[PDB]
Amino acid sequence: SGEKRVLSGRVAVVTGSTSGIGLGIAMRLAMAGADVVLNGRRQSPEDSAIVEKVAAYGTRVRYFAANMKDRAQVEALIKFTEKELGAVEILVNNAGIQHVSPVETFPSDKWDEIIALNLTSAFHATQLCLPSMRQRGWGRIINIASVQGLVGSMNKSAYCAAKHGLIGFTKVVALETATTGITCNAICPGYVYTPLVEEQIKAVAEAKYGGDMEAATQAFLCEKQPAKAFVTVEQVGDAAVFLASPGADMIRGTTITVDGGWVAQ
């Protein structure tokens, strides 16, 4: 084996880490030395390959399918990690969904589902992990919020509500743990090119650009993101590694915004 790395020995759980930002975070944590438990909504043929991709960085990697909207499955994910790898030390609440719709016709079940996954599941997971972190005197809770947790955007009422709520939750957890070795913080990405964003760009391309994905992508990006470029899953992962590292011991209850200038204007 090689030299120890900044997070060597730490056990991380990243919810919704079979795709997009969650996978980028899992990869960056593993590259920084952490053991990692990956998670997706359902078992899929691709899980083995993803596990091996993350495990190529030499740490212990596991996978556990669990619907984060079901508190029993959240508990089963945490208990699986405890049995397979050990106490959960880094919890990354990342699993999330989007639904674009004006408020007047926003479906009730979609509103409830976005609240349940993008906000309440983070509460359940944090609640289940905090007692062990307090007993051990160390912890990291990293909540994947959004720029949409700091500002609003049209046709994203439920998502903006949930993400704003997740930031408020973050502050409270940080304050309740402020004199301990546990920190809680949120990362607020701007647009990152994942399926969650690709589906929106496809809707725009069909609606306004005759299917031209290129024009629709440039228009989608430039409406909101002054950099006129996407944030990458690797950059969000680097922010998670930063928050998890010793230099962030006194970063508490705050947002790390990685958004190409979106919230600055």
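Quick note: we count residues from 1 along the sequence shown, nothing fancier.
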| Quick one: is residue 209 left out in at least a third of the other entries we compared? | yes
| query | Looking only at CA atoms, which has the higher mean B factor in the entry: 234-242 or 52-60? | reply | 52-60
| task | Determine, for stretches 191-199 and 155-163, which one has the higher mean CA B-factor as deposited. | result | 191-199
| message | Checking the record values for 148, 93, 73, 185, which has the greatest CA B factor? | response | 73
| request: Could you tell me which third, lowest, middle or highest, the C-alpha B-factor of residue 139 occupies within its chain? | output: lowest
| said: Split into thirds by Cα B-factor across the chain's modelled residues, where does residue 128 land: lowest, middle or highest? | reply: middle
| How does residue 29 rank on Cα B-factor within its chain, lowest, middle or highest third? | lowest
| request: Give the position of residue 86 by CA B-factor within its chain, expressed as the lowest, middle or highest third. | output: highest
| Where the record places residue 39 (Cα B-factor, split into thirds across the chain) | middle
